[PDB]
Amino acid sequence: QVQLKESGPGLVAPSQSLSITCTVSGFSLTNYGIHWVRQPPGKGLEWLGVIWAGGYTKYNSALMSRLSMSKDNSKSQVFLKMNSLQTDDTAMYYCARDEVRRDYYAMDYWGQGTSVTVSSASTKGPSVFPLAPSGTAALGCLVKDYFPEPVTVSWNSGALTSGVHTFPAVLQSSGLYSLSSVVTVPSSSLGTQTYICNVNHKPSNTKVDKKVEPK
């Protein structure tokens, strides 16, 4: 199947450049162009540019002074580099496959996106605290004081998804983020079933498993 996966640094300083990679499978870059599109937090989509199958590029003229693109056909990778970074370059960055039809072009397969925060602040890993359950019981994990976004939270290695609510993070007055992830489970199962939240904060290389049990 056609697949695209972005990879990049979750945090970059305003003085540095941003380098992001799009790795593809299921098709050849010799036959398909690749677009970059970004989405600032809670904001709409913005096209950045494209590298066509033959290697030529076209950038959004509103940022062509700062943006460049290249690719490595043999590695099935396309590269984005942006310099003179500003705070408003904070966004989720997507790559998407270009499609050619007789009477239109399209962007027919998209990656999952990679999060980029532009800030001079230092990374900080979260502390993970249990929200202990005390017919339906709720339990969770408090994921507190981390920077930048995002963190991934799963339950039981991703096997437990029903009833899970992982809340959008809140920006605290300290400048650090915090969220909770909760799940509802049958109370009859609390003595016998195990519930562990898996927390991953890639910018700080923090991976935490925290078992949550009744007191």
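So that there is no doubt, residue numbering starts at 1 and follows the sequence shown.
In this entry, is the chain continuous from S134 to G135, or are deposited residues missing in between (none, 1 to 3, 4 to 9, 10 or more)?
Missing residues, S134 to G135: 4 to 9.
So which stretch wins on mean C-alpha B-factor, 47 to 55 or 173 to 181?
The entry gives the higher C-alpha B-factor average to 173 to 181.
Give the stretch, out of 141 to 149 and 119 to 127, with the larger mean C-alpha temperature factor in the deposited entry.
Stretch with the greater average CA B-factor: 119 to 127.
Per the coordinate record, which of the options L63, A159, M69, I34 holds the highest CA temperature factor?
Answer for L63, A159, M69, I34: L63, with the highest C-alpha B-factor.
Which third of the chain does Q112 land in by C-alpha B-factor: lowest, middle or highest?
It belongs to the middle third of the chain when residues are ordered by C-alpha B-factor.
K75: which third of its chain by C-alpha temperature factor?
Top third by C-alpha B-factor.
How does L29 rank on Cα B-factor within its chain, lowest, middle or highest third?
As the PDB entry reports it, the C-alpha B-factor of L29 lands in the middle third of its chain.
Please place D89 in the lowest, middle or highest third of its chain according to the CA B-factor in the PDB entry.
For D89, the deposited C-alpha B-factor lands in the middle third.
Divide the modelled residues of the chain into thirds by Cα B-factor and specify which third, lowest, middle or highest, holds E6.
According to the entry, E6 has a C-alpha B-factor in the chain's lowest third.
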